[PDB]
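Colleague: Before anything else, here's the structure in question.
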Amino acid sequence: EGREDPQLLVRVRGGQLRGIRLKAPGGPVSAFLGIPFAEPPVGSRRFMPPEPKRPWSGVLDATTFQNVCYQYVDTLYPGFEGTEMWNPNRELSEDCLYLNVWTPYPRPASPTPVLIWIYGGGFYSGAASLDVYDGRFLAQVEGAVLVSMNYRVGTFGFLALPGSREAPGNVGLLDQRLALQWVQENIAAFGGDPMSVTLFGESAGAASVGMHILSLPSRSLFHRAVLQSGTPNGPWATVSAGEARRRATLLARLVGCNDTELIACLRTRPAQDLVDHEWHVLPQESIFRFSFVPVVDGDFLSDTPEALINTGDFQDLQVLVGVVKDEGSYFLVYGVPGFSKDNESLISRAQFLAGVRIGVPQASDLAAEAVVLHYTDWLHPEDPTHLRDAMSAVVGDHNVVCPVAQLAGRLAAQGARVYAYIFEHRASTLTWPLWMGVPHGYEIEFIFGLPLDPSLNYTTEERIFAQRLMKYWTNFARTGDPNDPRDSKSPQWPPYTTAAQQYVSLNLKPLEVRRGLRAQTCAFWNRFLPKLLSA
């Protein structure tokens with residue numbers, strides 16, 4: 001050193017880092033990008049739990065985002081912003097275990113509450129370097145320390161031969177835990193308070209957060225949690241050991257392959273060969289199902305998430321959970337016949353019946369009959385607009401809204417302080433059609449405060465709204481309470497309770513309190529539907 005910025009040189013347990021001074025709209029922030037937290041999970045290390053990064057010599061350059069974990073790249077709508085924003089924005093590589101830190105400039109003297117972001121992407125995609133996960137605004141406006149990590153997705157992160165030494169499963173979840181441990185040891189070097197760590201994530205990110213709650217060794221690593229449109233419970237976020245074993249063995253066959261000899265062969269295959277056959281191992285034609293997800297191993301997860309939340313002690317737990325207005329709409333264009341971004345997707349009754357089989361791929365004929373019965377409007381059973389919207393509701397309720405209601409109730413009844421929301425504002429900038437409403441993942445840009453960037457063409461009300469949400473989230477991280485103790489007449493956000501079931505709406509209007517999270521409909525999915533599976 002000698003001639004460089006004093007605020008950009010930090011030491012962590014593994015060596016020295018040089019960061020970068022970035023511009024946020026209201027002033028500068030410090031960013032430390034692509035910090036390695038694990039040994040590169042390559043060669044013989046593929047499918048294995050991550051090993052902590054061995055110390056380095058000299059000053060590591062941390063001024064750019066690192067590799068994105070090897071993954072499927074989406075091709076459904078070539079050129080289209082609505083899909084491309086989720087695509088990898090850095091080189092794909094198995095050498096991808098790096099994390100990022102944003103702090104105020106200059107760094108705070110008094111220790112500051114830490115927010116850790118875990119991205120979604122169905123456990124097959126995602127990256128902490130996407131524009132919608134830009135930590136600069138929360139760092140600058142709210143004085144937060146913000147951390148995000150890459151974790152292995154797809155086969156690399158989740159292929160499992162349960163029981164074996166060489167592919168135990170859930171290793172993507174372990175990548176996340178390693179980063180949480182890295183925050184505990186090192187975040188005070190950046191002015192962060194390791195005793196005030198909040199996890200937040202959206203859709204497999206949310207489900208990820210939920211699994212850290214349910215897994216004891218992760219519980220000591222954080223204090224509060226946010227789950228946006230995602231739960232560890234529900235139909236897509238985990239598979240049984242048997243089901244994981246089956247998908248893993250099948251995928252091996254597809255690429256040319258005693259567990260040891262199997263995995264050893266898999267390790268000789270190029271990454272791209274595994275991505276190429278990833279989608280061919282699902283049991284049924286489906287949407288909102290992903291090939292390689294967390295497995296119930298009797299380790300990371302001691303029992304099913306359903307079981308762990310029924311019988312769990314959550315006395316010391318503060319949790320914020322919610323959903324977007326249209327949870328189901330996004331995935332309909334990925335393989336329900338009739339749906340497209342390019343038209344209004346008015347469908348027939350036949351397409352709806354077919355849609356229900358694809359969207360609830362585990363239903364018997366009788367259970368699918370029940371779904372269809374409940375979601376048909378019997379005044380207008382053949383109306384294309386209702387059928388289109390009902391198909392969206394079926395997917396959203398089954399996969400997100402009802403799992404979230406189930407989780408909120410079981411947490412509240414067992415000690416937890418729970419706050420609940422529904423996000424209802426469709427961004428002025430959205431590129432998806434109007435019929436998709438507010439699709440999942442389109443709250444994220446507001447929480448991270450992108451509208452504060454004048455170059456992005458958000459409206460002024462959207463700028464004020466973004467600030468409102470950043471406040472809710474950072475208040476919650478600080479205190480376990482989204483409300484401001486100061487401002488006391490602007491309507492309060494009540495905790496969600498089994499008794500009253502209150503949650504708030506999030507839009508341009510001030511907070512409105514509501515009761516019952518799709519209560520009638522969720523009784524159908526969460527209480528009745530399991531009984532119908534036992535016939």
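We label chains A, B, ... in the order they appear in the structure tokens, count residues from 1 in each chain, and number ligands from 1 in the order shown.
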Just the residues within 8 Å of stretch 241-250 of chain A, please, counting only C-alpha atoms, with nothing from its chain fewer than 2 positions along; format it as a PyMOL selection string.

Modeller: chain A and resi 159-162+239+252-254+281-282+291-292+295-297

Colleague: For the residues in the current selection, export N, CA, C and O atoms as a short mmCIF file (atom, residue, chain, number, x, y, z; two decimals), in the first residue's frame.

Modeller:
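Full text of result-v8.cif as output:
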```cif
data_model
loop_
_atom_site.label_atom_id
_atom_site.label_comp_id
_atom_site.auth_asym_id
_atom_site.auth_seq_id
_atom_site.Cartn_x
_atom_site.Cartn_y
_atom_site.Cartn_z
N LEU A 159 -27.30 -32.69 -6.26
CA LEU A 159 -27.28 -34.12 -6.56
C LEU A 159 -26.80 -34.92 -5.33
O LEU A 159 -25.75 -34.62 -4.75
N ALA A 160 -27.55 -35.94 -4.96
CA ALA A 160 -27.27 -36.70 -3.75
C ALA A 160 -27.48 -38.20 -3.93
O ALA A 160 -28.50 -38.64 -4.48
N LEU A 161 -26.52 -38.98 -3.46
CA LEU A 161 -26.74 -40.40 -3.17
C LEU A 161 -26.77 -40.53 -1.66
O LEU A 161 -25.72 -40.76 -1.04
N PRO A 162 -27.96 -40.34 -1.06
CA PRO A 162 -28.05 -40.21 0.41
C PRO A 162 -27.41 -41.41 1.10
O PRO A 162 -27.69 -42.56 0.72
N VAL A 239 -36.81 -33.00 -1.68
CA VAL A 239 -37.21 -34.36 -2.08
C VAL A 239 -36.84 -35.36 -0.96
O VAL A 239 -35.95 -35.09 -0.14
N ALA A 252 -27.08 -40.10 -14.01
CA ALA A 252 -25.82 -40.79 -14.28
C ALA A 252 -25.92 -41.65 -15.54
O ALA A 252 -25.08 -41.55 -16.44
N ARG A 253 -26.95 -42.51 -15.57
CA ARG A 253 -27.27 -43.27 -16.78
C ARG A 253 -27.24 -42.39 -18.04
O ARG A 253 -26.51 -42.69 -18.99
N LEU A 254 -27.99 -41.29 -18.01
CA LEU A 254 -28.06 -40.36 -19.13
C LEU A 254 -26.71 -39.84 -19.64
O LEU A 254 -26.57 -39.54 -20.83
N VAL A 281 -34.86 -35.70 -15.61
CA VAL A 281 -35.00 -36.67 -14.51
C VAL A 281 -36.29 -36.52 -13.68
O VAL A 281 -36.53 -37.29 -12.74
N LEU A 282 -37.12 -35.53 -14.03
CA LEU A 282 -38.39 -35.31 -13.30
C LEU A 282 -39.40 -36.41 -13.63
O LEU A 282 -39.51 -36.83 -14.79
N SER A 291 -35.15 -30.30 -10.56
CA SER A 291 -34.59 -31.64 -10.48
C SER A 291 -33.76 -31.89 -9.22
O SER A 291 -33.89 -32.94 -8.57
N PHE A 292 -32.94 -30.92 -8.85
CA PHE A 292 -31.99 -31.12 -7.78
C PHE A 292 -32.15 -30.07 -6.69
O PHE A 292 -31.72 -28.91 -6.83
N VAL A 295 -32.39 -32.27 0.05
CA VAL A 295 -32.93 -33.59 0.37
C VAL A 295 -33.12 -33.77 1.90
O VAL A 295 -32.34 -33.21 2.70
N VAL A 296 -34.16 -34.51 2.29
CA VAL A 296 -34.36 -34.89 3.69
C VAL A 296 -33.37 -36.02 4.06
O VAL A 296 -33.65 -37.22 3.87
N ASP A 297 -32.21 -35.61 4.57
CA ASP A 297 -31.09 -36.54 4.75
C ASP A 297 -30.96 -37.14 6.15
O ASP A 297 -30.19 -38.07 6.35
#
```

Colleague: Just list the residues in stretch 342-473 of chain A DSSP gives strand (DSSP E or B) on the backbone, as a PyMOL selection string.

Modeller: chain A and resi 417-423+439

Colleague: Write the residues of the selection above to a file with N, CA, C and O atoms, as a CSV table (one decimal), in the first residue's frame.

Modeller:
```csv
chain,number,residue,atom,x,y,z
A,417,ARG,N,-42.3,-14.4,16.8
A,417,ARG,CA,-42.9,-13.1,16.4
A,417,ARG,C,-42.9,-13.1,14.8
A,417,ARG,O,-41.8,-13.2,14.2
A,418,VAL,N,-44.1,-13.1,14.3
A,418,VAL,CA,-44.2,-13.2,12.8
A,418,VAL,C,-44.9,-11.9,12.3
A,418,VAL,O,-45.9,-11.5,12.8
A,419,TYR,N,-44.3,-11.3,11.2
A,419,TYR,CA,-45.0,-10.2,10.5
A,419,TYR,C,-45.2,-10.7,9.0
A,419,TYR,O,-44.3,-11.3,8.4
A,420,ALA,N,-46.4,-10.4,8.5
A,420,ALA,CA,-46.8,-10.9,7.2
A,420,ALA,C,-47.2,-9.8,6.2
A,420,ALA,O,-47.8,-8.8,6.7
A,421,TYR,N,-47.0,-10.0,4.9
A,421,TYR,CA,-47.3,-9.0,3.9
A,421,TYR,C,-47.8,-9.7,2.6
A,421,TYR,O,-47.5,-10.8,2.4
A,422,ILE,N,-48.5,-8.9,1.8
A,422,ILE,CA,-48.7,-9.2,0.4
A,422,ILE,C,-48.3,-8.0,-0.4
A,422,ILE,O,-48.7,-6.9,-0.1
A,423,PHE,N,-47.3,-8.2,-1.3
A,423,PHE,CA,-46.8,-7.2,-2.2
A,423,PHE,C,-47.7,-7.0,-3.4
A,423,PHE,O,-47.9,-8.0,-4.1
A,439,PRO,N,-45.7,-10.7,-10.8
A,439,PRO,CA,-45.1,-12.0,-10.7
A,439,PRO,C,-44.0,-12.1,-9.7
A,439,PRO,O,-43.5,-11.1,-9.2
```

Colleague: Nearest to residue A:286: which of A:38, A:324, A:69, A:395 is it, counting only C-alpha atoms?

Modeller: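 Among the listed residues, A:395 lies closest to residue A:286.
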
Colleague: Given the choices A:441, A:328, A:58, A:88, which gets closest to residue A:388 if the distance is worked out from only C-alpha atoms?

Modeller: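 Of all the options, A:328 lies closest to residue A:388.
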
Colleague: Could you give me, as an mmCIF file with N, CA and C atoms, in the first residue's frame, the residues within 10 Å of residue A:476, counting only C-alpha atoms and dropping anything in the same chain fewer than 3 positions from it?

Modeller:
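Saved result, selection-v2.cif, follows:
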```
data_model
loop_
_atom_site.group_PDB
_atom_site.id
_atom_site.type_symbol
_atom_site.label_atom_id
_atom_site.label_comp_id
_atom_site.auth_asym_id
_atom_site.auth_seq_id
_atom_site.Cartn_x
_atom_site.Cartn_y
_atom_site.Cartn_z
ATOM 1 N N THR A 198 -29.322 -10.645 10.061
ATOM 2 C CA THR A 198 -30.627 -11.020 9.503
ATOM 3 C C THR A 198 -30.455 -11.718 8.138
ATOM 4 N N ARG A 224 -32.397 -13.098 13.078
ATOM 5 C CA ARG A 224 -33.709 -12.778 12.502
ATOM 6 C C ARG A 224 -33.774 -13.269 11.047
ATOM 7 N N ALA A 225 -34.971 -13.451 10.504
ATOM 8 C CA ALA A 225 -35.082 -13.963 9.136
ATOM 9 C C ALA A 225 -36.237 -13.364 8.307
ATOM 10 N N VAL A 226 -35.963 -13.097 7.031
ATOM 11 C CA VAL A 226 -37.014 -12.732 6.086
ATOM 12 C C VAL A 226 -37.168 -13.774 4.975
ATOM 13 N N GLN A 318 -37.701 -13.980 15.448
ATOM 14 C CA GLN A 318 -38.465 -12.972 14.731
ATOM 15 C C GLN A 318 -38.345 -13.180 13.216
ATOM 16 N N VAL A 319 -39.492 -13.116 12.547
ATOM 17 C CA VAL A 319 -39.585 -13.541 11.166
ATOM 18 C C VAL A 319 -40.543 -12.648 10.406
ATOM 19 N N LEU A 320 -40.119 -12.223 9.226
ATOM 20 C CA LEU A 320 -40.979 -11.498 8.314
ATOM 21 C C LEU A 320 -41.194 -12.383 7.076
ATOM 22 N N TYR A 419 -44.332 -11.345 11.196
ATOM 23 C CA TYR A 419 -44.956 -10.235 10.459
ATOM 24 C C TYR A 419 -45.207 -10.691 9.028
ATOM 25 N N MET A 470 -37.422 -0.233 2.167
ATOM 26 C CA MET A 470 -36.072 -0.312 2.732
ATOM 27 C C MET A 470 -36.103 -0.043 4.229
ATOM 28 N N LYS A 471 -36.956 0.896 4.647
ATOM 29 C CA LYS A 471 -37.117 1.216 6.062
ATOM 30 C C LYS A 471 -37.724 0.045 6.829
ATOM 31 N N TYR A 472 -38.805 -0.532 6.291
ATOM 32 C CA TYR A 472 -39.452 -1.698 6.905
ATOM 33 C C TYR A 472 -38.446 -2.812 7.148
ATOM 34 N N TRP A 473 -37.723 -3.157 6.085
ATOM 35 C CA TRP A 473 -36.752 -4.243 6.122
ATOM 36 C C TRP A 473 -35.600 -3.976 7.111
ATOM 37 N N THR A 479 -34.455 -4.355 14.938
ATOM 38 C CA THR A 479 -35.259 -4.459 16.153
ATOM 39 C C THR A 479 -36.181 -5.665 16.223
ATOM 40 N N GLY A 480 -36.366 -6.350 15.098
ATOM 41 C CA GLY A 480 -37.376 -7.397 14.989
ATOM 42 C C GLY A 480 -38.782 -6.839 14.770
ATOM 43 N N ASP A 481 -38.861 -5.569 14.371
ATOM 44 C CA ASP A 481 -40.126 -4.864 14.217
ATOM 45 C C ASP A 481 -40.015 -3.938 13.009
ATOM 46 N N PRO A 482 -40.865 -4.154 11.985
ATOM 47 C CA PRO A 482 -40.833 -3.318 10.771
ATOM 48 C C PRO A 482 -41.226 -1.857 11.037
ATOM 49 N N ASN A 483 -41.946 -1.586 12.124
ATOM 50 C CA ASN A 483 -42.454 -0.233 12.394
ATOM 51 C C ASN A 483 -41.371 0.725 12.902
ATOM 52 N N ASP A 484 -41.583 2.022 12.683
ATOM 53 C CA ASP A 484 -40.746 3.059 13.291
ATOM 54 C C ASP A 484 -41.321 3.481 14.655
#
```

Colleague: Between A:513, A:370, A:29, A:323, single out the one closest to residue A:137, counting only C-alpha atoms.

Modeller: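 The answer is A:29, which sits nearest to residue A:137.
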
Colleague: Compile the contact shell of residue A:425 as an mmCIF file with N, CA and C atoms, in the first residue's frame: residues with an atom at most 9 Å away, counting only C-alpha atoms, same-chain residues fewer than 4 positions apart removed.

Modeller:
```cif
data_model
loop_
_atom_site.group_PDB
_atom_site.id
_atom_site.type_symbol
_atom_site.label_atom_id
_atom_site.label_comp_id
_atom_site.auth_asym_id
_atom_site.auth_seq_id
_atom_site.Cartn_x
_atom_site.Cartn_y
_atom_site.Cartn_z
ATOM 1 N N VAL A 324 -46.122 -12.169 -3.304
ATOM 2 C CA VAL A 324 -46.556 -11.167 -4.288
ATOM 3 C C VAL A 324 -47.990 -11.476 -4.714
ATOM 4 N N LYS A 325 -48.663 -10.495 -5.311
ATOM 5 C CA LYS A 325 -50.054 -10.656 -5.738
ATOM 6 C C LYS A 325 -50.264 -11.863 -6.665
ATOM 7 N N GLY A 437 -49.885 -9.788 -13.958
ATOM 8 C CA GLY A 437 -49.997 -9.007 -12.730
ATOM 9 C C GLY A 437 -48.657 -8.659 -12.090
ATOM 10 N N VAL A 438 -48.485 -9.060 -10.825
ATOM 11 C CA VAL A 438 -47.223 -8.888 -10.098
ATOM 12 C C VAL A 438 -46.596 -10.265 -9.902
ATOM 13 N N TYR A 442 -40.645 -9.813 -8.445
ATOM 14 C CA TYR A 442 -40.731 -8.397 -8.843
ATOM 15 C C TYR A 442 -40.946 -7.407 -7.688
ATOM 16 N N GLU A 443 -40.832 -7.909 -6.463
ATOM 17 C CA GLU A 443 -40.729 -7.043 -5.297
ATOM 18 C C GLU A 443 -39.267 -6.678 -5.009
ATOM 19 N N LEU A 506 -48.745 -4.079 0.713
ATOM 20 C CA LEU A 506 -47.648 -3.198 0.334
ATOM 21 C C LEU A 506 -47.900 -2.677 -1.080
ATOM 22 N N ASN A 507 -48.258 -1.393 -1.168
ATOM 23 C CA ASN A 507 -48.420 -0.681 -2.447
ATOM 24 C C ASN A 507 -48.177 0.813 -2.268
ATOM 25 N N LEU A 508 -48.594 1.618 -3.243
ATOM 26 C CA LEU A 508 -48.324 3.054 -3.169
ATOM 27 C C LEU A 508 -49.134 3.716 -2.051
#
```

Colleague: For residue A:84, which of A:180, A:132, A:408, A:60 is the closest residue, counting only C-alpha atoms?

Modeller: A:132

Colleague: Could you tell me which of A:362, A:431, A:457, A:71 comes closest to residue A:533 if we count only C-alpha atoms?

Modeller: A:362

Colleague: Which stretch 253-339 of chain A residues have any atom within 12 Å of an atom of stretch 107-124 of chain A, and for each, what is the nearest pair of atoms with distance in Å to one decimal, counting only C-alpha atoms, rows sorted by chain and number, as JSON lines?

Modeller:
```
{"residue": "A:274", "atom": "CA", "partner": "A:124", "partner_atom": "CA", "distance": 11.7}
{"residue": "A:275", "atom": "CA", "partner": "A:124", "partner_atom": "CA", "distance": 9.3}
{"residue": "A:278", "atom": "CA", "partner": "A:124", "partner_atom": "CA", "distance": 9.0}
{"residue": "A:279", "atom": "CA", "partner": "A:124", "partner_atom": "CA", "distance": 10.0}
{"residue": "A:287", "atom": "CA", "partner": "A:122", "partner_atom": "CA", "distance": 11.1}
{"residue": "A:288", "atom": "CA", "partner": "A:122", "partner_atom": "CA", "distance": 8.1}
{"residue": "A:289", "atom": "CA", "partner": "A:122", "partner_atom": "CA", "distance": 8.1}
{"residue": "A:290", "atom": "CA", "partner": "A:122", "partner_atom": "CA", "distance": 6.4}
{"residue": "A:291", "atom": "CA", "partner": "A:124", "partner_atom": "CA", "distance": 7.9}
{"residue": "A:292", "atom": "CA", "partner": "A:123", "partner_atom": "CA", "distance": 6.9}
{"residue": "A:293", "atom": "CA", "partner": "A:123", "partner_atom": "CA", "distance": 5.9}
{"residue": "A:294", "atom": "CA", "partner": "A:123", "partner_atom": "CA", "distance": 8.3}
{"residue": "A:295", "atom": "CA", "partner": "A:123", "partner_atom": "CA", "distance": 11.8}
{"residue": "A:331", "atom": "CA", "partner": "A:122", "partner_atom": "CA", "distance": 11.3}
```

Colleague: Write the residues you've just listed into a file as a PDB file, in the first residue's frame, and include N, CA, C and O atoms for each of them.

Modeller:
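The new file result.pdb reads:
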```pdb
ATOM      1  N   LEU A 274     -23.707 -32.311 -17.616  1.00  0.00           N
ATOM      2  CA  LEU A 274     -24.657 -32.493 -16.518  1.00  0.00           C
ATOM      3  C   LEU A 274     -25.812 -31.493 -16.651  1.00  0.00           C
ATOM      4  O   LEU A 274     -26.978 -31.865 -16.506  1.00  0.00           O
ATOM      5  N   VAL A 275     -25.488 -30.230 -16.931  1.00  0.00           N
ATOM      6  CA  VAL A 275     -26.521 -29.232 -17.206  1.00  0.00           C
ATOM      7  C   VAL A 275     -27.438 -29.686 -18.365  1.00  0.00           C
ATOM      8  O   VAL A 275     -28.659 -29.516 -18.295  1.00  0.00           O
ATOM      9  N   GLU A 278     -29.971 -32.350 -16.950  1.00  0.00           N
ATOM     10  CA  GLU A 278     -30.606 -31.947 -15.696  1.00  0.00           C
ATOM     11  C   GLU A 278     -32.142 -32.017 -15.706  1.00  0.00           C
ATOM     12  O   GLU A 278     -32.747 -32.468 -14.740  1.00  0.00           O
ATOM     13  N   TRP A 279     -32.776 -31.585 -16.795  1.00  0.00           N
ATOM     14  CA  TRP A 279     -34.244 -31.505 -16.824  1.00  0.00           C
ATOM     15  C   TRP A 279     -34.962 -32.800 -17.211  1.00  0.00           C
ATOM     16  O   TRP A 279     -36.197 -32.873 -17.196  1.00  0.00           O
ATOM     17  N   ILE A 287     -44.683 -27.889 -13.923  1.00  0.00           N
ATOM     18  CA  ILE A 287     -44.054 -26.585 -13.693  1.00  0.00           C
ATOM     19  C   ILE A 287     -43.831 -26.418 -12.194  1.00  0.00           C
ATOM     20  O   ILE A 287     -44.467 -27.118 -11.400  1.00  0.00           O
ATOM     21  N   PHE A 288     -42.917 -25.530 -11.808  1.00  0.00           N
ATOM     22  CA  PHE A 288     -42.613 -25.322 -10.393  1.00  0.00           C
ATOM     23  C   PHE A 288     -42.148 -26.632  -9.704  1.00  0.00           C
ATOM     24  O   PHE A 288     -42.466 -26.901  -8.540  1.00  0.00           O
ATOM     25  N   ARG A 289     -41.419 -27.450 -10.458  1.00  0.00           N
ATOM     26  CA  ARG A 289     -40.649 -28.565  -9.908  1.00  0.00           C
ATOM     27  C   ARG A 289     -39.237 -28.495 -10.492  1.00  0.00           C
ATOM     28  O   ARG A 289     -39.048 -28.181 -11.681  1.00  0.00           O
ATOM     29  N   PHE A 290     -38.245 -28.785  -9.658  1.00  0.00           N
ATOM     30  CA  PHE A 290     -36.855 -28.635 -10.074  1.00  0.00           C
ATOM     31  C   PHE A 290     -36.110 -29.913  -9.720  1.00  0.00           C
ATOM     32  O   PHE A 290     -36.420 -30.551  -8.710  1.00  0.00           O
ATOM     33  N   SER A 291     -35.154 -30.297 -10.559  1.00  0.00           N
ATOM     34  CA  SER A 291     -34.588 -31.642 -10.482  1.00  0.00           C
ATOM     35  C   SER A 291     -33.764 -31.894  -9.219  1.00  0.00           C
ATOM     36  O   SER A 291     -33.888 -32.943  -8.574  1.00  0.00           O
ATOM     37  N   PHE A 292     -32.942 -30.917  -8.854  1.00  0.00           N
ATOM     38  CA  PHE A 292     -31.987 -31.115  -7.778  1.00  0.00           C
ATOM     39  C   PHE A 292     -32.149 -30.071  -6.687  1.00  0.00           C
ATOM     40  O   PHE A 292     -31.723 -28.912  -6.828  1.00  0.00           O
ATOM     41  N   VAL A 293     -32.815 -30.495  -5.611  1.00  0.00           N
ATOM     42  CA  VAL A 293     -33.205 -29.596  -4.532  1.00  0.00           C
ATOM     43  C   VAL A 293     -32.717 -30.147  -3.171  1.00  0.00           C
ATOM     44  O   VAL A 293     -32.144 -31.239  -3.131  1.00  0.00           O
ATOM     45  N   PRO A 294     -32.885 -29.383  -2.065  1.00  0.00           N
ATOM     46  CA  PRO A 294     -32.479 -29.971  -0.776  1.00  0.00           C
ATOM     47  C   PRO A 294     -33.156 -31.321  -0.476  1.00  0.00           C
ATOM     48  O   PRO A 294     -34.360 -31.499  -0.723  1.00  0.00           O
ATOM     49  N   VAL A 295     -32.386 -32.268   0.046  1.00  0.00           N
ATOM     50  CA  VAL A 295     -32.927 -33.589   0.373  1.00  0.00           C
ATOM     51  C   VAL A 295     -33.115 -33.767   1.896  1.00  0.00           C
ATOM     52  O   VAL A 295     -32.339 -33.209   2.700  1.00  0.00           O
ATOM     53  N   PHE A 331     -44.507 -18.991 -14.123  1.00  0.00           N
ATOM     54  CA  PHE A 331     -44.133 -20.307 -14.622  1.00  0.00           C
ATOM     55  C   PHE A 331     -45.138 -20.931 -15.590  1.00  0.00           C
ATOM     56  O   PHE A 331     -44.867 -21.993 -16.167  1.00  0.00           O
TER      57      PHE A 331
END
```

Colleague: Please give the complete set of residues from stretch 202-280 of chain A that DSSP, run on the backbone, assigns to alpha helix (DSSP H), formatted as an NGL selection string.

Modeller: :A and (204-213 or 216-219 or 241-255 or 259-268 or 271-277)

Colleague: Just checking: using only C-alpha atoms, which residue out of A:151, A:91, A:517, A:190 ends up closest to residue A:17?

Modeller: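 That would be A:190, the residue with the smallest distance to residue A:17.
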
Colleague: List as an MDAnalysis selection string the protein and nucleic acid residues near residue A:42, meaning an atom at most 9 Å away when only C-alpha atoms are counted, but skip any in the same chain fewer than 5 places from it.

Modeller: chainID A and resid 47 94:95 267

Colleague: Which residues, written as a count of residues only, have at least one atom at most 9 Å from residue A:102, with only C-alpha atoms counted and residues fewer than 5 positions away on the same chain left out?

Modeller: 16

Colleague: To one decimal place, how far is atom CA of residue A:488 from atom CA of residue A:141 in Å?

Modeller: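 Computing the Euclidean distance for atom CA of residue A:488 and atom CA of residue A:141 yields 21.4 Å.
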